[PDB]
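Peer 1: According to PDB author numbering, the stretch in the sequence shown is residues 41 to 227, 233 to 767, in order.
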Amino acid sequence: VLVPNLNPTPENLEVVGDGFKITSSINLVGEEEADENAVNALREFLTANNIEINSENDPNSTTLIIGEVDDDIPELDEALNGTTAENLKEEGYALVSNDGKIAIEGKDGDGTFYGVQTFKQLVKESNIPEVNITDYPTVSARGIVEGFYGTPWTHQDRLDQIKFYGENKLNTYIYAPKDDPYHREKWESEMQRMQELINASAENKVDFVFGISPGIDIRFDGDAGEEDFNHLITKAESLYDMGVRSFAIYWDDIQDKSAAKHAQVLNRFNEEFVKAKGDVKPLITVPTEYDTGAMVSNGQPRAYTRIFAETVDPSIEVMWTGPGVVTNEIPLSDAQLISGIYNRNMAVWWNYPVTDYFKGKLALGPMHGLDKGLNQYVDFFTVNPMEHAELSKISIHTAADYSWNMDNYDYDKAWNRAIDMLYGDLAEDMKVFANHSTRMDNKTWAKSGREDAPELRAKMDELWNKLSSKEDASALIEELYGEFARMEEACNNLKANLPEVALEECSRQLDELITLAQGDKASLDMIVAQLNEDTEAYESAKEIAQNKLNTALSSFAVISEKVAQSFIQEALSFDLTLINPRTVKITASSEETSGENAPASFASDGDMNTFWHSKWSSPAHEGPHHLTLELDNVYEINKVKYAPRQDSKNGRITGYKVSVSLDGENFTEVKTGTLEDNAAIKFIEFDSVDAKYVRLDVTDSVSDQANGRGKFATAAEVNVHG
Ligand SMILES: [Ca+2]
Ligand SMILES: [Ca+2]
Ligand SMILES: [Ca+2]
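#1: In terms of alpha-carbon separation, which member of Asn-138, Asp-111, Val-109 lies closest to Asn-121?
#2: Sort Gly-323, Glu-710, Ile-572, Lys-607 by Cα distance to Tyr-738 and report the nearest one.
#3: Nearest-angstrom Cα distance between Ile-441 and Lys-540?
#4: Under the criterion of a Cβ to heavy atom distance below 7 angstroms, does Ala-562 qualify as lining ligand 2?
#5: Is there contact here, the stretch 612-621 with the stretch 633-653, by at least three beta-carbon pairs under 8 angstroms?
#6: Compare the Cα-Cα distances from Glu-108 to each of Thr-102, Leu-116, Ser-101 and report the closest residue.
#7: Among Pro-48, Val-370, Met-485, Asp-474, which has the Cα closest to the Cα of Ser-605?
#8: Report the three-state DSSP secondary structure of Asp-497 (helix, strand or coil).
#9: Examine ligand 2 and report whether any of its heavy atoms sits within less than 7 angstroms of the Cβ of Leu-594.
#10: Mind pulling the alpha helix (DSSP H) runs of 4 or more residues that sit fully within the stretch 45-97?
#11: Roughly how many angstroms lie between the CA atoms of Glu-225 and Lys-320, to the nearest whole one?
#12: Comparing the CB of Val-603 with every heavy atom of ligand 2, is any distance shorter than 7 angstroms?
#13: Quick one: what's got a C-beta closer than 8 angstroms to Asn-312's C-beta in the same chain, skipping five residues either side?
#14: Starting from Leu-598, follow the alpha helix (DSSP H) in both directions and report where the run begins and ends.
#15: Taking only the alpha-carbon atoms, compute the straight-line gap between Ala-582 and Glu-588 and give it to the nearest angstrom.
#16: Taking the alpha carbon of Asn-100 as the point to measure from, which residue in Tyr-205, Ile-66, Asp-110 has its own alpha carbon closest?
#17: For the alpha helix (DSSP H) that contains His-195, what are its first and last residues?
#18: Does the distance between the C-beta of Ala-74 and the nearest non-hydrogen atom of ligand 1 fall short of 7 angstroms?
#19: Comparing alpha-carbon positions, which option in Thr-158, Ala-472, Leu-86 lies nearest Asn-208?
#20: In angstroms, rounded to a whole number, what distance separates the CA positions of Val-341 and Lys-147?
#21: Is the separation between the beta-carbon of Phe-188 and that of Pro-430 shorter than 8 angstroms?
#22: Name the DSSP bridge partner or partners of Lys-702?
#23: Can you look up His-671 in the DSSP assignment and give me helix, strand or coil?
#24: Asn-723 to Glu-636, Cα distance in whole Å?
#25: Taking C-alpha atoms, which residue in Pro-368, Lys-326, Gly-323 lies nearest to residue 229?
#26: Pair every Cβ in the stretch 206-221 with every Cβ in the stretch 243-259, then say whether three or more of these pairs are closer than 8 angstroms.
#27: Can we count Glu-432 as close to ligand 1, meaning its CB is less than 7 angstroms from some heavy atom?
#28: May I ask which residues mark the beginning and end of the beta strand (DSSP E) holding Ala-293?
#29: Between the Cα of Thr-719 and the Cα atoms of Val-734, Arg-697, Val-705, which residue gives the shortest distance?
#30: So, helix, strand or coil for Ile-441, using DSSP?
#31: For a minimum of 3 consecutive residues, which ranges assigned as the beta strand (DSSP E) are wholly contained in the stretch 294-334?
#32: Mind reading off the beta-carbon distance from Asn-683 to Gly-767? Whole number of angstroms is fine, and I expect it under 8 angstroms.
#33: Spatial neighbours of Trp-193 within its chain, please: CB distance less than 8 angstroms, with the 5 preceding and 5 following residues excluded, ordered by chain position.
#34: Please name the residue, chosen from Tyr-701, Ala-602, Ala-751, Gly-260, that lies closest to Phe-728 on a Cα-to-Cα basis.
#35: May I ask whether a heavy atom of ligand 5 can be found less than 7 angstroms away from the beta carbon of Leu-598?
#36: Measuring alpha carbon to alpha carbon, tell me which of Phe-314, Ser-568, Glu-533, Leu-569 ends up nearest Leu-555.
Listed below in structure tokens is the structure:
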């Protein structure tokens, strides 16, 4: 048997044997001395997979040994054979399965728990492979930061997430926001709701962090003043009695922008609580300026960050989002900049998959853009999730592999492992849907994540290239039709089979991708209709394709803007029939550069605003004027579009003489005529004919220059069609 899909990926793993089958009843060794929470997770796993534990010793059955380095078990070390956990760092484990004996050794209590979750992933229908493993995390504090606007998570969503973190090896969870009666507002009747969260966090080796956001109405001056300050600590002390070992004070929105007053609250709280108890974990906080753009300028730091960094105690943890609030990448250079200001290892608030800024689109991509050496300056990782809790698991899954094993991380593969595991048989169909909903961008200040459906985008671009170059795309068109049908097939089967927990969060988004897919089908119909010269079917398909986009742009759900949605819009703006540049080598009789930058290049530029002008500066070239367009390859053409200078009358072509050629030296003729004097774009139409050089000899032009008739020649755009 082979190694199943693991998460996170262990540091060291090697296939020593083939594999063995697990017996229906086994015997466990080392329950009493081992971690209590680590065995509880293992005991129920055996119950769920129909496995029982023997009361007395049995040589016929398989033996599962578990414990710590602290514990002195002669059975465990013998089953290890040259393998130890003492050489590993905190929260590390060492798993070894060989010849009906599975030994697991952790460094401490936390480490042994993560050894149990690897055993659960290796076992597939009671068939565990034979491999030796030595493993340890790259980041110490890995987890989630619940801080999204809108409707908060429910209690059953939270409890489900706690268990999900432990199995995928994550040890942090921050409460807040949002509008709890106690956190911001008024910071027995609601004791249980918070109590159940802490007890479950202890069972899954996760440090429960309590958040506080008093910024909007906190006071610094006065008695009270001290009274508010005294009334800070007691709020936390109640939770310390409930079992909370981590606390935090947030400044994410404050307005009252005084770093000396914010640090005063943090620093004295660091003395009167976390060091005063001896129980407590280090203090966590978020300054008012958290993004590098708002933090530094430009850069050495702004007025706020200078005072804040130089006041706050080095022991305190500080969170920052990156180059931006919702930014694409976090390069190591940015990490060096922020960490240099604070002179400590910073904590990260990664805003993905959080969709509180762009609620329409879902975020189902991996950890994209983060530098692989981020563990150097950062030893505290947290992500901001979506308000949709079930689907937030896919990105969090990728967060586990990044934070734990950073140097070997691969975002594309870790993404595929997230969907394969969380869905099972229904993974491949979900992959197609999630593939289109990864790139977050509100077309302004927020953008992050992996690009949507790139493979499909390259092919879409490949279609417009081969359409605008005479080339036959029958093979590519056939594949596209199938690709858009695969989208509609996957989205429907998902709708017929998803657990509501998931279905209710993405029901509108499944209907959206289908509407786009159908539009993409209707888009190819137009392209086929243009190649077959079936204008009736073209307009009929155009009727459908336009409606799908209109219903898509009206519908609340948003998905695959760049790829699936934009493909419909491109098929509507495609002429073509143009070819179209650009492409190639426009040349002219005379051009202006000295007086104004308007050379012959701007004649076939594509930009409607830019124009070409004949040489009017002294010594001026007063015609006869002519444009000569070089074609990329020979093309059949039956229409020459002329867009005259819009802003000015100077040099409008009111008389032309178009010629064609295949060598560039010997031109012929195709049409001679005049054009009505105005700013309207003229279409010169003649019979289809192959050509590699398109000439436009000007026989008449006008201008507002007294006796400037025929002295000048200006063209905003000149290009051929066929
Ligand atoms: Ca112990
Ligand atoms: Ca939409
Ligand atoms: Ca132009």
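Just so you know, even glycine gets a beta-carbon here, dropped at the ideal spot from N, CA and C.
Peer 2: The answer reads as follows:
#1: By one-based count along the sequence shown, residue 121 stands at place 81. When only C-alpha atoms are compared, the closest one is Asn-138.
#2: Looking up residue 738 in the sequence shown gives position 693. If we check each option's Cα against that of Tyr-738, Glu-710 comes out closest.
#3: On the sequence shown, residue 441 is found 396 positions in, with the first residue counted as 1. On the sequence shown, residue 540 is found 495 positions in, with the first residue counted as 1. So the alpha carbons of these two residues sit roughly 23 angstroms apart.
#4: Start at 1 with the first residue of the sequence shown, and residue 562 comes out as number 517. Checking every heavy atom of ligand 2 against the Cβ of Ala-562, none is found closer than 7 angstroms.
#5: By the C-beta criterion, the stretch 612-621 is judged not to be in contact with the stretch 633-653, since fewer than 3 inter-stretch pairs fall below 8 angstroms.
#6: The residue labelled residue 108 in the question sits at position 68 within the sequence shown. Per the C-alpha coordinates, the member of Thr-102, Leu-116, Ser-101 positioned closest to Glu-108 is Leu-116.
#7: Start at 1 with the first residue of the sequence shown, and residue 605 comes out as number 560. The candidate whose alpha carbon is nearest that of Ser-605 is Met-485.
#8: Here residue 497 refers to the residue found at position 452 when the sequence shown is read from its first residue. If DSSP states are grouped into helix, strand and coil, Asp-497 belongs with coil.
#9: As a first step, residue 594 is located in the sequence shown; it is residue number 549 there, counting from the start. No, the beta carbon of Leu-594 sits no closer than 7 angstroms to any heavy atom of ligand 2.
#10: 76-88
#11: For the purposes of this step, residue 225 is identified with residue 185 of the sequence shown, where counting begins at 1. For the purposes of this step, residue 320 is identified with residue 275 of the sequence shown, where counting begins at 1. Distance from the CA atom of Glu-225 to the CA atom of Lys-320, rounded to whole angstroms, is 27 angstroms.
#12: Position 558 of the sequence shown, counted from the first residue, corresponds to residue 603. For ligand 2, at least one heavy atom lies less than 7 angstroms from the Cβ of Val-603.
#13: Taking the sequence shown and counting its residues from 1, one reaches residue 312 at position 267. Cβ within range, chain order: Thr-356, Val-357, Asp-358, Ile-361.
#14: Along the sequence shown, one-based indexing puts residue 598 at 553. Where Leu-598 is concerned, the enclosing alpha helix (DSSP H) stretches over 580-599.
#15: Position 537 of the sequence shown, counted from the first residue, corresponds to residue 582. Position 543 of the sequence shown, counted from the first residue, corresponds to residue 588. Approximately 9 angstroms between the Cα atoms of the pair.
#16: Here residue 100 refers to the residue found at position 60 of the sequence shown. Answer by Cα proximity: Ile-66.
#17: Here residue 195 refers to the residue found at position 155 of the sequence shown. Note, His-195: alpha helix (DSSP H), 195-207.
#18: Within the sequence shown, numbered from 1, the residue matching residue 74 stands at position 34. The answer is yes for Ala-74.
#19: Along the sequence shown, read from residue 1 onward, the residue named residue 208 stands at position 168. Here the closest residue by C-alpha is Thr-158.
#20: Within the sequence shown, residue 341 is the residue found at index 296, counting from 1. Within the sequence shown, residue 147 is the residue found at index 107, counting from 1. Those two C-alpha atoms are separated by around 41 angstroms.
#21: In the sequence shown, residue 188 corresponds to position 148, counting from 1. In the sequence shown, residue 430 corresponds to position 385, counting from 1. Contact flag set, yes.
#22: Here residue 702 refers to the residue found at position 657 of the sequence shown. In DSSP, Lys-702 forms a bridge with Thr-717, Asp-742.
#23: Within the sequence shown, residue 671 is the residue found at index 626, counting from 1. Three-state result, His-671: strand.
#24: For the purposes of this step, residue 723 is identified with residue 678 of the sequence shown, where counting begins at 1. For the purposes of this step, residue 636 is identified with residue 591 of the sequence shown, where counting begins at 1. Whole-angstrom Cα-Cα distance: 22 angstroms.
#25: Absent from the coordinates is residue 229, which sits in the stretch where the chain moves from 227 straight to 233.
#26: Pairwise C-beta distances place the stretch 206-221 in contact with the stretch 243-259, as three or more of them are shorter than 8 angstroms.
#27: Locating residue 432 in the sequence shown gives position 387, where the first residue counts as 1. No, the beta carbon of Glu-432 sits no closer than 7 angstroms to any heavy atom of ligand 1.
#28: For the purposes of this step, residue 293 is identified with residue 248 of the sequence shown, where counting begins at 1. That run of the beta strand (DSSP E) goes 291-295.
#29: Position 674 of the sequence shown, counted from the start, is the residue given in the question as residue 719. The shortest C-alpha separation from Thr-719 is found at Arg-697.
#30: Residue numbering aside, residue 441 sits at position 396 when the sequence shown is read from its first letter. The answer is helix: DSSP assigns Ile-441 an H, G or I state.
#31: 329-331
#32: The residue labelled residue 683 in the question sits at position 638 within the sequence shown. The residue labelled residue 767 in the question sits at position 722 within the sequence shown. Their Cβ separation, rounded to whole angstroms, is 5 angstroms, which keeps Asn-683 and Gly-767 in contact under 8 angstroms.
#33: Taking the first residue of the sequence shown as position 1, residue 193 is located at position 153. Only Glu-186, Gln-201, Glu-432, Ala-434 meet the Cβ criterion.
#34: Sequence index remark: in the sequence shown, residue 728 carries index 683 (1-based). Nearest of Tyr-701, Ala-602, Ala-751, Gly-260 to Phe-728, Cα basis: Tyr-701.
#35: Because ligand 5 does not appear in the structure shown, any question about it cannot be addressed here, the ligands present being ligand 1, ligand 2 and ligand 3.
#36: Here residue 555 is taken as the residue at index 510 of the sequence shown, counted from 1. Ranking the options by Cα distance to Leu-555, first place goes to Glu-533.
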